[PDB]
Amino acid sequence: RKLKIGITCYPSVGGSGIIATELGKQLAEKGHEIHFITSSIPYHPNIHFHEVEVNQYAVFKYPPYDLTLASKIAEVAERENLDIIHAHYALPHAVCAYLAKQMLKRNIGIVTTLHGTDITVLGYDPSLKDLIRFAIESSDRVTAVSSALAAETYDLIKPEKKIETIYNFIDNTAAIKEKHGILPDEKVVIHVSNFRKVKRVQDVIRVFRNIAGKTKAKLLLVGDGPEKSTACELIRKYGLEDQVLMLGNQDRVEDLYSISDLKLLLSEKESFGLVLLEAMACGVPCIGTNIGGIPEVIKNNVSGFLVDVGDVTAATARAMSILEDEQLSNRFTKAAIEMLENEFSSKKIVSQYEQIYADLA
């Protein structure tokens, strides 16, 4: 049964944005009518974009994006007769969905997906606890991208609400290596992140120093963010400028995972770690920290390795085990691919979102 589904999110912060957009693309492919309600964007015929323009109107001291977004949700809900609004993030989107629902004369189902950013915000301003709780409680169905995010939510927010785990999902290496001046005999390590402190790039670099000081190696650092200059400085301090490619942000990140032999994600906080799936899909074995959602993706000594937060020497050892032992590497990669094709497959995950919409319609 074809539904009309509104989706309200920030179209791209890194991981979440990609997930919401991708999810909309896959529902479109299944014949559903999808209506993104977002800030202006720069596609399938069943996907439509509605833009929220915020103005100050010379009355408002701060631009009222929340209220403007609520308004626009309600307007679209009504004109297009939406069955669902799917909000990504409790704040602001789930509260806006709620406001839009109270404006509408019609009932409409609200689904909210927590990606982790409500926990982050709560760390900056714990007084938002009640508002986040309300937003969760006022949704019809609430999902989280990991069981560990869900548990953390229950712990800090304590809502009277079942939070269901629905995981994230994902959609010529000689030439690419050549483009990037990587030689046939260099081992390629990759790290993709938004360079925030919680990512601990400094740990990624200390591990890579250890690596490149044993075998011959190149590090691909992909992304941009606040701790970039901390990264460079540390690259220069250790003398690794020839051996590291600061690629900034990238498109064609699949090209970069395709040429890599090892993926490091050594975060102190991580609700899921979408970058792990992408590397797994490209047959790149992973080491991650044993926090947050990471151990729901990497199964230790089965699909990759897990290490303690900050444990550089343990991650080095794991890293070499993998870089030398082609047999270990291949068994990891193959175990990872099996996860992709079952638990993390877009077909299974899009159907779990879809079952929620049908429940509510």
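Each residue number is its position in the shown sequence, starting from 1.
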* Asked: If you count the residues of the deposited sequence that sit between residue 42 and residue 43 but have no coordinates, do you get none, 1 to 3, 4 to 9, or 10 or more?
  -> 4 to 9
* Could you tell me how many residues of the deposited sequence sit unmodelled between residue 171 and residue 172 (none, 1 to 3, 4 to 9, 10 or more)? => 4 to 9
* Hey, which bit's got the bigger mean C-alpha B factor in the entry, 218 to 226 or 121 to 129? -> 218 to 226
* To do: Select between 110 to 118 and 206 to 214 the stretch whose C-alpha atoms have the higher average B-factor in the entry.
  => 206 to 214
* Name the residue from 93, 158, 196, 105 with the greatest C-alpha temperature factor listed in the entry. => 105
* Asked: If you check the C-alpha B-factor for each of 66, 311, 33, 296 in the entry, which is highest?
  -> 311
* B-factor third for the C-alpha atom of residue 13 within its chain -> highest
* Hey, what third does residue 320 fall into on Cα B-factor, ranked over its chain? -> highest
* Asked: Going by the entry, which third of its chain does the Cα temperature factor of residue 140 land in?
  -> lowest
* Chain-wide C-alpha B factor ranking for residue 258, given as lowest, middle or highest third -> middle
* Asked: By its CA B factor, does residue 264 count among the lowest, middle or highest third of the modelled residues in the chain?
  -> middle
